[PDB]
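# Structural overview for review
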Amino acid sequence: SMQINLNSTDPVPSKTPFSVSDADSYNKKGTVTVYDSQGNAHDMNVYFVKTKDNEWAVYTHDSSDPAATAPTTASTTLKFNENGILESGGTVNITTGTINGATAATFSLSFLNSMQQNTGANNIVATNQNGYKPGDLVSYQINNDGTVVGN
Amino acid sequence: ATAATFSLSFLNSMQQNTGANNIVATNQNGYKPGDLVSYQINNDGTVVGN
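Residues numbered from 1 in each chain as written, not as in the entry; some residues may be left out. Chains lettered and ligands numbered in written order. Part of a larger assembly, values for the part shown. Heavy atoms only, no water.

Method of determination, as annotated in the archive: cryo-EM, at 7.1 Å resolution.

Under the PDB entry, the name given to chain B is Flagellar hook protein flgE, and the source organism is Salmonella enterica subsp. enterica serovar Typhimurium. Each PDB entry has a title, and for this one the record gives "Atomic model of the bacterial flagellar hook based on docking an X-ray derived structure and terminal two alpha-helices into an 7.1 angstrom resolution cryoEM map".

Under the PDB entry, chain A has the name Flagellar hook protein flgE and belongs to Salmonella enterica subsp. enterica serovar Typhimurium.

### Focus: the overall build of chain B
Selection criterion: A run of DSSP states H or I qualifies as a helix once it reaches four residues; a run of E qualifies as a strand once it reaches two. Both are numbered from the N-terminal end. In this description the radius of gyration comes from C-alpha coordinates, and the expected globular size is given by 2.2 Å times residues to the power 0.38. Buried means the residue's accessible area, taken with a 1.4 Å probe over protein chains only, is under 20% of the maximum for its type, while exposed means over 50%, and partly exposed covers the values in between.
Looking only at helices and strands, chain B features 0 helices and 2 strands. Expected size for 50 residues packed as a compact globule is a radius of gyration near 10 Å; at 19 Å, chain B overshoots this value by more than 25%. Each of the 50 residues in chain B was classed as buried or not, and the buried ones make up 0%.

### Quick look at the interface of chain A and chain B
Rules: By the convention used here, residues are in contact when the closest approach between their heavy atoms is within 4.5 Å. Accessible area that two parts lose when put together, evaluated with a 1.4 Å probe and summed over both, is termed the buried area. For this document, the term salt bridge refers to a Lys or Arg side-chain nitrogen within 4 Å of an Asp or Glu carboxyl oxygen.
Taken together, the contact between chain A and chain B spans 7 residues of the former and 4 residues of the latter. Summed over both partners, the interface of chain A with chain B buries about 410 Å², with 33% contributed by carbon and sulfur atoms. Broken down residue by residue, the surface that chain A buries against chain B is led by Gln38, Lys133 and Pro134 of chain A, which jointly contribute 74%. On inspection of chain A and its partner chain B, the count reaches 0 salt bridges.

### Focus on the sheet that holds strand β5 (residues 76-80) of chain A
All names here are of chain A. Selection criterion: In this analysis, strands are considered paired if DSSP registers two or more bridges between them. Here an axis means a line fitted to C-alpha atoms, over the contact stretch when the element is a helix, while the angle between two N-to-C directions is reported on a 0 to 180 degree scale.
Pairing in this open sheet of 5 strands is antiparallel, and the strands run β2-β3-β4-β5-β6 from one edge to the other. Whereas interior strands pair on both sides, the edge strands pair on one side only; in this sheet they are β2 (28-35) and β6 (86-88). The average undirected angle you get between the axes of adjacent strands in this sheet is 35°. Where strand β3 (residues 41-52) and strand β4 (residues 55-62) come together, 8 bridges link them in antiparallel fashion. The partner of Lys52 across the bridge, within β4, is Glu55.

### Remarks on the side chain of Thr96 of chain A
All names here are of chain A. To be explicit about the condition: We call two N or O atoms a polar contact when they sit within 3.5 Å, provided that within protein one can donate a hydrogen and the other can accept it, with sequence-adjacent residues counted only if both atoms are side-chain atoms.
Mapped onto the elements of the fold, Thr96 is located in the loop between β7 (91-95) and β8 (106-110). On the basis of relative accessibility, which here comes to 8%, the residue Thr96 falls in the buried class. Of the polar contacts made by the side chain of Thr96, one reaches the side chain of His42; its length is 3.4 Å. Those residues within four positions of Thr96 in sequence are excluded, and the remaining contacts are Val34, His42, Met44, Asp62, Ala104, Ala105 and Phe107.

### Observations regarding the packing of aromatic side chains
Residue and element names in this part refer to chain A. Where we set the bar: For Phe, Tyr and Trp, rings pair up if their centres lie within 6.5 Å, where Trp contributes its six-membered ring, and each pair is then called stacked (planes under 30 degrees apart), edge-to-face (over 60) or tilted (otherwise).
A full pass over the atoms with the stated rule returns 5 aromatic pairs over all chains. Summarising the aromatic geometry, the rings of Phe18 and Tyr26 are spaced 6.1 Å apart at their centres and angled 70° between planes, so their arrangement reads as edge-to-face. Considered together, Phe18 and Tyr26 belong to a single accessibility category, that of buried residues. Ring geometry for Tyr26 against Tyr47: centres 4.9 Å apart, planes inclined by 75°, an arrangement best described as edge-to-face. Highlighted residues: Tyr26 in the loop between β1 (2-7) and β2 and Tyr47 in strand β3, separated in sequence by 21 residues. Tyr26 gets classed as buried once you look at its relative accessible area, which sits at 16%. For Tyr47, a relative accessible area of 3% corresponds to the buried category.

This is the structure in structure tokens:
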């Protein structure tokens, strides 16, 4: 997941096309690190490009895979209503690249709770993922309801 | 002296997605005696030498 506050007053970038290497071809970049089943980290870059009023194209790219094709088509488009609430495009399946001969990760990316503010600066408030590479028992505890938990 | 011939097992070895190569355990059924140090009677009456 990635929760972003986007600025309704932002410009549509004049520099085309979108390119991960041209910093004035997009409005905002964020990152979320995901894992494959081998446990390799993939640093997934997420780019937001305002296309017109209330719509933002979203590109993704596995920055950790040198063989990955540069993103020329959007993974999704976020559409916000008049109140700046996310109305569509908020959920999209992403497939990573591959690292050191290991199979890619495939995950649902959610933009839930993202909003378009009347005025502000583009800003990522939160990211989250259910991926990780173990891992060793550090402590354990008995809670006051008797639940036993490992940390 | 004559060589030992043994089955070597890598049971429970794993390839982690990420970590450092690390041996967690080794074990063998070989040893050179050896002298009685203590003996005991357990609470089920089993008698064991140490």
